[PDB]
Structures are given as C-alpha cells and as structure tokens.
Amino acid sequence: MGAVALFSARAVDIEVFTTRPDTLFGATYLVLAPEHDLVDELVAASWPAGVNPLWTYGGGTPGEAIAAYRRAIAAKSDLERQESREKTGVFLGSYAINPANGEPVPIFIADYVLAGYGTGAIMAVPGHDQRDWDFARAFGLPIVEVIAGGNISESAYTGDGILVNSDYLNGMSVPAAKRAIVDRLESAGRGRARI
Ligand SMILES: NC[C@H]1O[B@@-]2(O[C@@H]3[C@H](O2)[C@@H](COP(=O)(O)O)O[C@H]3n2cnc3c(N)ncnc32)c2c(OCCO)ccc(Cl)c21
C-alpha cells in the first residue's frame with residue numbers, strides 16, 4: 001500500500017504540509033493563509049530596510065498592510081476566487097529558517113493558501129510547483145532548481161528526476177529523496193510522513 005515539517009521563526013514554529021518533501025532545499029519562502037493564527041504574532045513592527053515595494057501592499061507598516069490585505073480580499077467574489085492567474089499577497093516583515101539548509105526565508109500571507117486545508121501554511125518551491133513559480137515571478141522571489149529534468153527558467157518542473165543543489169540528497173531519485181528527507185526530519189524531531 002506527504003509530510004509535515006516545522007520551520008522555526010528566525011526571531012514559534014510554523015508547520016507546513018507538503019506532498020514534496022524531497023524539494024525542501026528549494027523552498028525559498030513560506031506562505032500562510034491570511035487567517036492563519038500565527039500571522040498576527042509573526043508580523044514585524046516595521047519593514048526591513050530595502051524591502052521590495054511589491055511586497056508591502058502599499059502599507060506603511062506590516063500590520064497596516066496585513067489589515068488592508070484582509071479587508072481587500074473580503075471584496076472578492078466567487079468569480080475572483082475561482083480565477084487563479086493572479087497571485088497577490090503581503091510580506092509579514094519576518095523570516096523563518098528552512099530546516100534543510102538553515103537559510104532564512106521570508107514569510108508571506110496570500111489568498112492562494114486556504115486556511116482550512118492541510119495546516120493552513122505551505123513551503124513555497126517555485127522551481128517545482130507552478131503556483132509558487134507564478135507567485136515568485138510576480139514578487140521577485142528566488143527560484144531554485146532541486147529536481148533536474150526540466151527548465152525552470154520557462155516553467156516549474158513537476159515530474160520525476162534527479163536531486164541537485166540538495167547536499168545529502170544529491171543524485172537520488174524523487175522517491176528515494178522523499179524517504180531520505182523524512183528520515184532526516186524524524187531524526188531531528190522536525191517532521192513526519194503523513195497520508
Ligand atoms: N508547494 C511546494 C510543495 O508542497 B505542495 O504544496 C502544498 C502541498 O504540497 C499540496 C497539498 O495538496 P493536496 O493535499 O495533494 O491536494 O498543495 C499545497 N498546499 C498544502 N496546503 C495548502 C493550503 N492550505 N492551501 C493551498 N495549497 C496547499 C507541492 C505540490 O503539490 C501538488 C499537490 O499535492 C507540488 C509540487 C511541490 Cl514542489 C509542492
């Protein structure tokens with residue numbers, strides 16, 4: 001006869017659900033549902049210096065921007081919610097740590113992530129999930145190849161392949177890498193395989 005994994009706040013743990021744990025070294029940002037419990041806690045008092053203006057929703061502070069995003073998306077109808085071409089969202093002003101590579105990744109809210117499904121939070125892997133590719137292109141976020149086989153400059157590569165840019169997974173198949181990364185997550189106490 002997937003996985004859940006924790007990402008620690010850099011400054012609180014954010015649990016994500018993924019069907020692609022093998023791609024963990026390519027997760028370049030996190031996305032929470034706009035109504036996720038942790039959003040208010042994770043929101044920074046001010047924007048980082050040098051923040052991309054595309055990330056701020058035009059708000060003077062992260063809290064103002066999140067409040068406006070929540071208010072605006074309430075003006076959407078079923079028509080907009082079943083369209084999916086355009087990806088919108090807001091940076092919280094804070095970072096999480098990717099458990100695989102120890103790197104800081106920015107945290108966003110976006111209405112493409114649904115509050116009542118999974119854990120209400122995802123890891124975003126633009127190289128390998130077209131939804132995340134689209135968001136990353138719209139926001140100027142990094143797009144990293146970890147599964148060789150496609151051409152990430154053109155579109156997300158969603159098929160089987162060989163791990164690259166993924167340290168102790170490198171050279172594995174996708175099925176083998178899924179098992180290896182879950183074993184690492186379990187050894188560290190930071191995740192589990194789930195149906
Ligand atoms: N996004 C990075 C990574 O991770 B996945 O994105 C998460 C998760 O795994 C997947 C779970 O969907 P499924 O259960 O199979 O229908 O949809 C996203 N999801 C998880 N919870 C949410 C959520 N509340 N709102 C929106 N979307 C979500 C994922 C892919 O999913 C294909 C479907 O399996 C495909 C490629 C890759 Cl690399 C991934």
# chains A, B, ... in the order shown; residues from 1 in each chain; ligands from 1

call {"tool": "residues_around", "arguments": {"residues": "residue 114 in chain A", "least_positions_apart": "5", "cutoff": "10 Å", "atoms": "only C-alpha atoms", "output": "list in words"}}
result
residues 32, 33, 34, 35, 36, 119, 120, 121 and 122 of chain A

call {"tool": "residues_around", "arguments": {"residues": "range 165-172 of chain A", "least_positions_apart": "3", "cutoff": "10 Å", "atoms": "only C-alpha atoms", "output": "list in words"}}
result
residues 22, 23, 24, 25, 26, 100, 101, 144, 145, 146, 147, 148, 161, 162, 175, 176, 177, 178, 179, 180 and 181 of chain A

call {"tool": "closest_residue", "arguments": {"among": "A:4, A:14, A:193, A:125", "to": "ligand 1", "atoms": "only C-alpha atoms and all ligand atoms"}}
result
A:125

call {"tool": "residues_near_ligand", "arguments": {"ligand": "ligand 1", "cutoff": "8 Å", "atoms": "only C-alpha atoms and all ligand atoms", "output": "ChimeraX atom specification"}}
result
/A:2,16-21,23,27,32-33,112-132,158

call {"tool": "write_last_selection", "arguments": {"atoms": "N, CA, C and O atoms", "output": "CSV table (one decimal), in the first residue's frame"}}
result
chain,number,residue,atom,x,y,z
A,2,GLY,N,2.8,12.3,1.7
A,2,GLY,CA,3.3,13.6,2.0
A,2,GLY,C,4.0,13.7,3.3
A,2,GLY,O,4.5,12.7,3.8
A,16,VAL,N,4.1,23.2,8.1
A,16,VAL,CA,3.7,23.1,6.7
A,16,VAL,C,3.3,21.7,6.4
A,16,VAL,O,3.8,20.7,6.9
A,17,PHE,N,2.4,21.5,5.4
A,17,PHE,CA,2.1,20.2,4.8
A,17,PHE,C,2.5,20.3,3.3
A,17,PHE,O,2.2,21.2,2.6
A,18,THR,N,3.3,19.3,2.9
A,18,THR,CA,3.8,19.2,1.6
A,18,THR,C,3.6,17.7,1.0
A,18,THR,O,3.9,16.8,1.7
A,19,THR,N,3.3,17.6,-0.3
A,19,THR,CA,3.4,16.3,-1.0
A,19,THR,C,4.7,16.2,-1.6
A,19,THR,O,5.0,15.1,-2.2
A,20,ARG,N,5.7,17.0,-1.5
A,20,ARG,CA,7.0,17.1,-2.0
A,20,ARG,C,8.1,17.4,-1.1
A,20,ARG,O,8.9,18.3,-1.3
A,21,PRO,N,8.2,16.6,0.0
A,21,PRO,CA,9.3,16.9,1.0
A,21,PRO,C,10.7,16.8,0.3
A,21,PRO,O,11.6,17.4,0.9
A,23,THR,N,11.8,18.3,-2.1
A,23,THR,CA,12.1,19.5,-2.6
A,23,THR,C,12.5,20.6,-1.6
A,23,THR,O,12.6,21.7,-1.9
A,27,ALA,N,12.9,25.3,-1.1
A,27,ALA,CA,11.9,26.1,-0.5
A,27,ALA,C,12.4,27.5,-0.2
A,27,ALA,O,13.3,27.6,0.7
A,32,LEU,N,1.4,31.6,4.4
A,32,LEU,CA,0.4,31.3,5.3
A,32,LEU,C,-1.0,31.8,4.8
A,32,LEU,O,-1.1,32.8,4.1
A,33,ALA,N,-2.1,31.1,5.1
A,33,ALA,CA,-3.4,31.6,4.8
A,33,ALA,C,-3.6,32.9,5.5
A,33,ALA,O,-3.0,33.2,6.6
A,112,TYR,N,-4.0,32.5,-2.1
A,112,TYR,CA,-3.9,31.2,-2.8
A,112,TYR,C,-3.8,30.1,-1.8
A,112,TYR,O,-4.0,28.9,-2.1
A,113,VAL,N,-3.4,30.4,-0.5
A,113,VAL,CA,-3.3,29.4,0.6
A,113,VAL,C,-4.5,29.4,1.4
A,113,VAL,O,-4.9,30.5,1.9
A,114,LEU,N,-5.2,28.3,1.5
A,114,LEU,CA,-6.5,28.2,2.2
A,114,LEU,C,-6.4,27.8,3.7
A,114,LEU,O,-5.7,26.9,4.0
A,115,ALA,N,-7.1,28.5,4.5
A,115,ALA,CA,-6.9,28.4,6.0
A,115,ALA,C,-7.3,27.0,6.5
A,115,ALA,O,-6.7,26.5,7.5
A,116,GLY,N,-8.3,26.5,5.9
A,116,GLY,CA,-8.8,25.2,6.5
A,116,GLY,C,-8.4,23.9,5.8
A,116,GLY,O,-9.1,22.9,5.9
A,117,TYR,N,-7.3,24.0,5.1
A,117,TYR,CA,-6.8,22.8,4.4
A,117,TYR,C,-5.3,22.5,4.9
A,117,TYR,O,-4.5,23.5,5.0
A,118,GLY,N,-4.9,21.3,5.0
A,118,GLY,CA,-3.6,21.0,5.5
A,118,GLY,C,-3.4,21.6,6.9
A,118,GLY,O,-4.2,21.5,7.8
A,119,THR,N,-2.3,22.3,7.0
A,119,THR,CA,-2.0,23.1,8.2
A,119,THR,C,-2.3,24.6,8.0
A,119,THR,O,-2.0,25.4,9.0
A,120,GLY,N,-2.9,25.0,6.9
A,120,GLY,CA,-3.0,26.4,6.6
A,120,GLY,C,-1.7,27.1,6.2
A,120,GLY,O,-1.8,28.3,6.1
A,121,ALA,N,-0.7,26.4,6.0
A,121,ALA,CA,0.6,27.0,5.6
A,121,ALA,C,1.4,26.0,4.6
A,121,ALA,O,1.3,24.8,4.8
A,122,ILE,N,2.1,26.6,3.7
A,122,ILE,CA,2.9,25.9,2.8
A,122,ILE,C,4.3,26.3,2.8
A,122,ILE,O,4.6,27.5,3.2
A,123,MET,N,5.2,25.4,2.4
A,123,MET,CA,6.5,25.8,1.9
A,123,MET,C,6.4,26.1,0.4
A,123,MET,O,5.7,25.3,-0.3
A,124,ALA,N,7.0,27.2,-0.1
A,124,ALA,CA,6.9,27.5,-1.5
A,124,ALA,C,8.2,27.1,-2.2
A,124,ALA,O,9.3,27.5,-1.8
A,125,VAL,N,8.0,26.3,-3.3
A,125,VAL,CA,9.1,25.8,-4.0
A,125,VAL,C,8.9,26.2,-5.5
A,125,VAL,O,8.3,25.4,-6.3
A,126,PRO,N,9.2,27.4,-5.9
A,126,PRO,CA,8.8,27.9,-7.2
A,126,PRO,C,9.5,27.0,-8.3
A,126,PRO,O,8.9,27.0,-9.4
A,127,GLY,N,10.6,26.4,-8.1
A,127,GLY,CA,11.1,25.6,-9.2
A,127,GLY,C,10.3,24.4,-9.6
A,127,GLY,O,10.4,23.9,-10.7
A,128,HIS,N,9.4,24.0,-8.7
A,128,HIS,CA,8.7,22.7,-8.9
A,128,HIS,C,7.2,22.7,-8.6
A,128,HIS,O,6.6,21.6,-8.8
A,129,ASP,N,6.6,23.8,-8.3
A,129,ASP,CA,5.2,24.0,-8.2
A,129,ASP,C,4.8,25.2,-8.9
A,129,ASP,O,5.3,26.3,-8.6
A,130,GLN,N,4.0,25.1,-10.0
A,130,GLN,CA,3.7,26.2,-10.8
A,130,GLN,C,3.0,27.4,-10.1
A,130,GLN,O,3.1,28.6,-10.5
A,131,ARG,N,2.2,27.1,-9.1
A,131,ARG,CA,1.6,28.1,-8.3
A,131,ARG,C,2.6,29.0,-7.6
A,131,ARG,O,2.5,30.2,-7.6
A,132,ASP,N,3.6,28.4,-7.1
A,132,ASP,CA,4.7,29.1,-6.4
A,132,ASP,C,5.6,29.7,-7.4
A,132,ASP,O,6.2,30.8,-7.1
A,158,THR,N,7.6,19.7,-12.7
A,158,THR,CA,6.8,19.0,-11.7
A,158,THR,C,7.0,17.4,-11.8
A,158,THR,O,6.4,16.7,-10.9

call {"tool": "residues_around", "arguments": {"residues": "range 186-192 of chain A", "least_positions_apart": "5", "cutoff": "6 Å", "atoms": "only C-alpha atoms", "output": "PyMOL selection string"}}
result
chain A and resi 3-6

call {"tool": "residues_around", "arguments": {"residues": "range 68-76 of chain A", "least_positions_apart": "3", "cutoff": "10 Å", "atoms": "only C-alpha atoms", "output": "PyMOL selection string"}}
result
chain A and resi 34-35+56-59+62-65+79-81+88-90+109-111

call {"tool": "write_last_selection", "arguments": {"atoms": "N, CA, C and O atoms", "output": "tab-separated table (two decimals), in the first residue's frame"}}
result
chain	number	residue	atom	x	y	z
A	34	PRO	N	-4.33	33.89	4.91
A	34	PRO	CA	-4.45	35.23	5.53
A	34	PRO	C	-5.03	35.16	6.94
A	34	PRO	O	-4.72	36.09	7.71
A	35	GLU	N	-5.81	34.12	7.27
A	35	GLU	CA	-6.46	33.99	8.55
A	35	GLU	C	-5.68	33.06	9.53
A	35	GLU	O	-6.14	32.71	10.62
A	56	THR	N	4.84	44.97	-0.02
A	56	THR	CA	4.31	45.71	1.12
A	56	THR	C	2.84	46.09	1.01
A	56	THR	O	2.28	46.69	1.94
A	57	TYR	N	2.22	45.81	-0.11
A	57	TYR	CA	0.82	46.13	-0.35
A	57	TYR	C	0.56	47.64	-0.25
A	57	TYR	O	-0.57	48.09	-0.05
A	58	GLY	N	1.61	48.45	-0.38
A	58	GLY	CA	1.48	49.86	-0.19
A	58	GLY	C	1.27	50.32	1.24
A	58	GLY	O	0.95	51.46	1.47
A	59	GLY	N	1.43	49.44	2.21
A	59	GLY	CA	1.22	49.82	3.60
A	59	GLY	C	2.46	50.35	4.24
A	59	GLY	O	3.57	49.89	3.95
A	62	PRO	N	4.03	46.64	8.30
A	62	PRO	CA	3.46	45.31	8.06
A	62	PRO	C	2.06	45.15	8.62
A	62	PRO	O	1.17	44.58	7.96
A	63	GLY	N	1.80	45.63	9.83
A	63	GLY	CA	0.49	45.46	10.40
A	63	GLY	C	-0.58	46.18	9.60
A	63	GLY	O	-1.67	45.65	9.40
A	64	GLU	N	-0.30	47.38	9.14
A	64	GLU	CA	-1.26	48.10	8.31
A	64	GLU	C	-1.50	47.35	6.98
A	64	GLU	O	-2.62	47.27	6.49
A	65	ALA	N	-0.43	46.83	6.40
A	65	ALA	CA	-0.53	46.12	5.12
A	65	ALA	C	-1.36	44.83	5.27
A	65	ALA	O	-2.16	44.52	4.40
A	79	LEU	N	-16.17	34.73	-8.32
A	79	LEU	CA	-15.57	34.88	-9.61
A	79	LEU	C	-14.08	35.03	-9.48
A	79	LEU	O	-13.35	34.28	-10.13
A	80	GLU	N	-13.61	35.91	-8.61
A	80	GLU	CA	-12.18	36.10	-8.44
A	80	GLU	C	-11.56	34.90	-7.78
A	80	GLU	O	-10.46	34.50	-8.18
A	81	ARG	N	-12.24	34.26	-6.83
A	81	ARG	CA	-11.63	33.17	-6.07
A	81	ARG	C	-11.45	31.94	-6.93
A	81	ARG	O	-10.67	31.08	-6.62
A	88	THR	N	-1.56	37.37	-5.46
A	88	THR	CA	-1.32	38.55	-4.63
A	88	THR	C	-0.95	38.10	-3.23
A	88	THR	O	-1.15	36.95	-2.85
A	89	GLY	N	-0.40	39.00	-2.44
A	89	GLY	CA	-0.02	38.70	-1.07
A	89	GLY	C	0.79	39.77	-0.45
A	89	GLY	O	1.00	40.84	-1.07
A	90	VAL	N	1.22	39.53	0.78
A	90	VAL	CA	1.89	40.55	1.61
A	90	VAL	C	2.96	39.87	2.43
A	90	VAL	O	2.69	38.83	3.06
A	109	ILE	N	1.66	36.19	3.69
A	109	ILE	CA	0.30	35.69	3.54
A	109	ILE	C	-0.11	35.86	2.08
A	109	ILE	O	0.30	36.81	1.43
A	110	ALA	N	-0.99	34.98	1.62
A	110	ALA	CA	-1.53	35.08	0.27
A	110	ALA	C	-2.80	34.30	0.23
A	110	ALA	O	-2.88	33.18	0.77
A	111	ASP	N	-3.79	34.81	-0.49
A	111	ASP	CA	-5.04	34.13	-0.55
A	111	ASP	C	-5.05	32.87	-1.41
A	111	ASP	O	-6.04	32.18	-1.38

call {"tool": "select_by_dssp", "arguments": {"residues": "range 75-124 of chain A", "states": "strand (DSSP E)", "output": "number ranges by chain"}}
result
A: 90-97, 104-109, 121-124

call {"tool": "select_by_dssp", "arguments": {"residues": "range 15-92 of chain A", "states": "helix (DSSP H, G or I)", "output": "number ranges by chain"}}
result
A: 21-26, 39-42, 53-55, 62-73, 78-82

call {"tool": "write_last_selection", "arguments": {"atoms": "N, CA, C and O atoms", "output": "tab-separated table (two decimals), in the first residue's frame"}}
result
chain	number	residue	atom	x	y	z
A	21	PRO	N	8.22	16.59	0.00
A	21	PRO	CA	9.27	16.91	0.95
A	21	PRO	C	10.66	16.83	0.34
A	21	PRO	O	11.61	17.41	0.86
A	22	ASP	N	10.82	16.02	-0.72
A	22	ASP	CA	12.08	15.93	-1.43
A	22	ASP	C	12.64	17.27	-1.91
A	22	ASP	O	13.83	17.37	-2.16
A	23	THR	N	11.75	18.25	-2.09
A	23	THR	CA	12.13	19.54	-2.63
A	23	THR	C	12.50	20.57	-1.55
A	23	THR	O	12.63	21.74	-1.86
A	24	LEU	N	12.69	20.13	-0.30
A	24	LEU	CA	12.91	21.06	0.82
A	24	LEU	C	14.07	22.03	0.63
A	24	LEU	O	14.02	23.17	1.09
A	25	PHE	N	15.13	21.61	-0.06
A	25	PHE	CA	16.24	22.53	-0.31
A	25	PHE	C	15.94	23.64	-1.34
A	25	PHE	O	16.73	24.55	-1.50
A	26	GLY	N	14.79	23.51	-2.00
A	26	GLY	CA	14.31	24.53	-2.93
A	26	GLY	C	13.19	25.40	-2.40
A	26	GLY	O	12.62	26.18	-3.17
A	39	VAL	N	-0.22	34.56	12.08
A	39	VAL	CA	0.12	35.76	11.32
A	39	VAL	C	0.35	36.97	12.24
A	39	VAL	O	1.37	37.64	12.14
A	40	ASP	N	-0.58	37.20	13.15
A	40	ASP	CA	-0.51	38.43	13.92
A	40	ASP	C	0.75	38.45	14.79
A	40	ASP	O	1.35	39.51	14.99
A	41	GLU	N	1.15	37.27	15.28
A	41	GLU	CA	2.36	37.14	16.08
A	41	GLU	C	3.63	37.31	15.30
A	41	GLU	O	4.70	37.68	15.87
A	42	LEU	N	3.60	36.93	14.05
A	42	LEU	CA	4.80	36.92	13.21
A	42	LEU	C	5.04	38.26	12.56
A	42	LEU	O	6.14	38.52	12.12
A	53	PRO	N	9.17	47.03	-2.90
A	53	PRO	CA	7.86	47.67	-2.69
A	53	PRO	C	6.72	46.74	-3.07
A	53	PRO	O	5.65	46.85	-2.46
A	54	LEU	N	6.95	45.79	-3.99
A	54	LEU	CA	5.91	44.84	-4.40
A	54	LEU	C	5.43	43.99	-3.24
A	54	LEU	O	4.35	43.40	-3.31
A	55	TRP	N	6.20	43.91	-2.15
A	55	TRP	CA	5.92	43.01	-1.05
A	55	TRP	C	5.04	43.65	0.03
A	55	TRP	O	4.61	42.95	0.93
A	62	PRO	N	4.03	46.64	8.30
A	62	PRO	CA	3.46	45.31	8.06
A	62	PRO	C	2.06	45.15	8.62
A	62	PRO	O	1.17	44.58	7.96
A	63	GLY	N	1.80	45.63	9.83
A	63	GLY	CA	0.49	45.46	10.40
A	63	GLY	C	-0.58	46.18	9.60
A	63	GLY	O	-1.67	45.65	9.40
A	64	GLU	N	-0.30	47.38	9.14
A	64	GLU	CA	-1.26	48.10	8.31
A	64	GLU	C	-1.50	47.35	6.98
A	64	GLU	O	-2.62	47.27	6.49
A	65	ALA	N	-0.43	46.83	6.40
A	65	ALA	CA	-0.53	46.12	5.12
A	65	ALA	C	-1.36	44.83	5.27
A	65	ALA	O	-2.16	44.52	4.40
A	66	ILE	N	-1.17	44.09	6.37
A	66	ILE	CA	-1.94	42.88	6.58
A	66	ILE	C	-3.41	43.18	6.80
A	66	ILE	O	-4.31	42.51	6.29
A	67	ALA	N	-3.70	44.21	7.59
A	67	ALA	CA	-5.06	44.62	7.80
A	67	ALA	C	-5.73	45.02	6.48
A	67	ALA	O	-6.88	44.65	6.21
A	68	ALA	N	-4.99	45.72	5.63
A	68	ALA	CA	-5.58	46.14	4.33
A	68	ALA	C	-5.79	44.97	3.40
A	68	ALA	O	-6.78	44.92	2.69
A	69	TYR	N	-4.86	44.01	3.38
A	69	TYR	CA	-4.99	42.83	2.55
A	69	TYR	C	-6.20	42.07	2.96
A	69	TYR	O	-7.05	41.64	2.14
A	70	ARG	N	-6.39	41.87	4.28
A	70	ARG	CA	-7.56	41.15	4.77
A	70	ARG	C	-8.85	41.88	4.37
A	70	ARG	O	-9.88	41.26	3.97
A	71	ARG	N	-8.85	43.19	4.50
A	71	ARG	CA	-10.05	43.96	4.14
A	71	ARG	C	-10.31	43.88	2.61
A	71	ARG	O	-11.47	43.73	2.18
A	72	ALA	N	-9.27	44.00	1.80
A	72	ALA	CA	-9.44	43.98	0.35
A	72	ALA	C	-9.95	42.65	-0.15
A	72	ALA	O	-10.84	42.62	-1.02
A	73	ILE	N	-9.43	41.54	0.38
A	73	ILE	CA	-9.77	40.27	-0.21
A	73	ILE	C	-11.22	39.95	0.17
A	73	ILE	O	-11.87	39.20	-0.53
A	78	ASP	N	-16.85	34.99	-5.64
A	78	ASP	CA	-16.56	33.66	-6.13
A	78	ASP	C	-15.85	33.75	-7.49
A	78	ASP	O	-15.01	32.87	-7.77
A	79	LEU	N	-16.17	34.73	-8.32
A	79	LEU	CA	-15.57	34.88	-9.61
A	79	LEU	C	-14.08	35.03	-9.48
A	79	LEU	O	-13.35	34.28	-10.13
A	80	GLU	N	-13.61	35.91	-8.61
A	80	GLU	CA	-12.18	36.10	-8.44
A	80	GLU	C	-11.56	34.90	-7.78
A	80	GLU	O	-10.46	34.50	-8.18
A	81	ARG	N	-12.24	34.26	-6.83
A	81	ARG	CA	-11.63	33.17	-6.07
A	81	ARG	C	-11.45	31.94	-6.93
A	81	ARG	O	-10.67	31.08	-6.62
A	82	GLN	N	-12.17	31.83	-8.04
A	82	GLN	CA	-12.03	30.63	-8.85
A	82	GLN	C	-11.12	30.94	-10.05
A	82	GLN	O	-10.62	30.06	-10.72

call {"tool": "closest_residue", "arguments": {"among": "A:93, A:194, A:154, A:29", "to": "residue 50 in chain A", "atoms": "only C-alpha atoms"}}
result
A:93

call {"tool": "atom_distance", "arguments": {"atom1": "CA of residue 87 in chain A", "atom2": "CA of residue 137 in chain A"}}
result
9.6 Å

call {"tool": "atom_distance", "arguments": {"atom1": "CA of residue 8 in chain A", "atom2": "CA of residue 143 in chain A"}}
result
21.3 Å

call {"tool": "closest_residue", "arguments": {"among": "A:153, A:140, A:183, A:44", "to": "residue 9 in chain A", "atoms": "only C-alpha atoms"}}
result
A:44

call {"tool": "atom_distance", "arguments": {"atom1": "CA of residue 92 in chain A", "atom2": "CA of residue 43 in chain A"}}
result
4.8 Å

call {"tool": "residues_around", "arguments": {"residues": "residue 105 in chain A", "least_positions_apart": "2", "cutoff": "6 Å", "atoms": "only C-alpha atoms", "output": "number ranges by chain"}}
result
A: 28-29, 95-96

call {"tool": "decode", "arguments": {"residues": "range 26-37 of chain A", "atoms": "N, CA, C and O atoms", "output": "PDB file, in the first residue's frame"}}
result
ATOM      1  N   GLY A  26      14.790  23.513  -1.997  1.00  0.00           N
ATOM      2  CA  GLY A  26      14.310  24.530  -2.932  1.00  0.00           C
ATOM      3  C   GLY A  26      13.191  25.398  -2.402  1.00  0.00           C
ATOM      4  O   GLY A  26      12.625  26.179  -3.171  1.00  0.00           O
ATOM      5  N   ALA A  27      12.871  25.277  -1.116  1.00  0.00           N
ATOM      6  CA  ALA A  27      11.851  26.149  -0.528  1.00  0.00           C
ATOM      7  C   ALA A  27      12.439  27.472  -0.195  1.00  0.00           C
ATOM      8  O   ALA A  27      13.279  27.589   0.735  1.00  0.00           O
ATOM      9  N   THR A  28      12.031  28.527  -0.914  1.00  0.00           N
ATOM     10  CA  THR A  28      12.618  29.847  -0.826  1.00  0.00           C
ATOM     11  C   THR A  28      11.779  30.895  -0.081  1.00  0.00           C
ATOM     12  O   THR A  28      12.239  32.000   0.143  1.00  0.00           O
ATOM     13  N   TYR A  29      10.576  30.516   0.279  1.00  0.00           N
ATOM     14  CA  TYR A  29       9.676  31.377   1.105  1.00  0.00           C
ATOM     15  C   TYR A  29       8.564  30.498   1.670  1.00  0.00           C
ATOM     16  O   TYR A  29       8.401  29.349   1.258  1.00  0.00           O
ATOM     17  N   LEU A  30       7.844  31.034   2.674  1.00  0.00           N
ATOM     18  CA  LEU A  30       6.697  30.387   3.245  1.00  0.00           C
ATOM     19  C   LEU A  30       5.490  31.217   2.953  1.00  0.00           C
ATOM     20  O   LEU A  30       5.565  32.468   2.897  1.00  0.00           O
ATOM     21  N   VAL A  31       4.322  30.579   2.856  1.00  0.00           N
ATOM     22  CA  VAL A  31       3.064  31.287   2.652  1.00  0.00           C
ATOM     23  C   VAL A  31       2.001  30.734   3.626  1.00  0.00           C
ATOM     24  O   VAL A  31       1.774  29.496   3.660  1.00  0.00           O
ATOM     25  N   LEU A  32       1.426  31.633   4.427  1.00  0.00           N
ATOM     26  CA  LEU A  32       0.362  31.290   5.346  1.00  0.00           C
ATOM     27  C   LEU A  32      -0.976  31.777   4.768  1.00  0.00           C
ATOM     28  O   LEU A  32      -1.054  32.836   4.087  1.00  0.00           O
ATOM     29  N   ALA A  33      -2.072  31.086   5.100  1.00  0.00           N
ATOM     30  CA  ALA A  33      -3.405  31.597   4.814  1.00  0.00           C
ATOM     31  C   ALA A  33      -3.554  32.948   5.502  1.00  0.00           C
ATOM     32  O   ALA A  33      -3.026  33.173   6.608  1.00  0.00           O
ATOM     33  N   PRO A  34      -4.328  33.885   4.908  1.00  0.00           N
ATOM     34  CA  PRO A  34      -4.449  35.227   5.534  1.00  0.00           C
ATOM     35  C   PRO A  34      -5.028  35.163   6.937  1.00  0.00           C
ATOM     36  O   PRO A  34      -4.720  36.086   7.713  1.00  0.00           O
ATOM     37  N   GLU A  35      -5.805  34.118   7.272  1.00  0.00           N
ATOM     38  CA  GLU A  35      -6.456  33.987   8.553  1.00  0.00           C
ATOM     39  C   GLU A  35      -5.679  33.062   9.530  1.00  0.00           C
ATOM     40  O   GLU A  35      -6.144  32.714  10.615  1.00  0.00           O
ATOM     41  N   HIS A  36      -4.485  32.625   9.125  1.00  0.00           N
ATOM     42  CA  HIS A  36      -3.706  31.712   9.964  1.00  0.00           C
ATOM     43  C   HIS A  36      -3.462  32.346  11.319  1.00  0.00           C
ATOM     44  O   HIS A  36      -3.133  33.550  11.423  1.00  0.00           O
ATOM     45  N   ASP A  37      -3.609  31.545  12.366  1.00  0.00           N
ATOM     46  CA  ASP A  37      -3.446  32.005  13.764  1.00  0.00           C
ATOM     47  C   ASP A  37      -2.131  32.745  14.044  1.00  0.00           C
ATOM     48  O   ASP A  37      -2.080  33.654  14.866  1.00  0.00           O
TER      49      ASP A  37
END
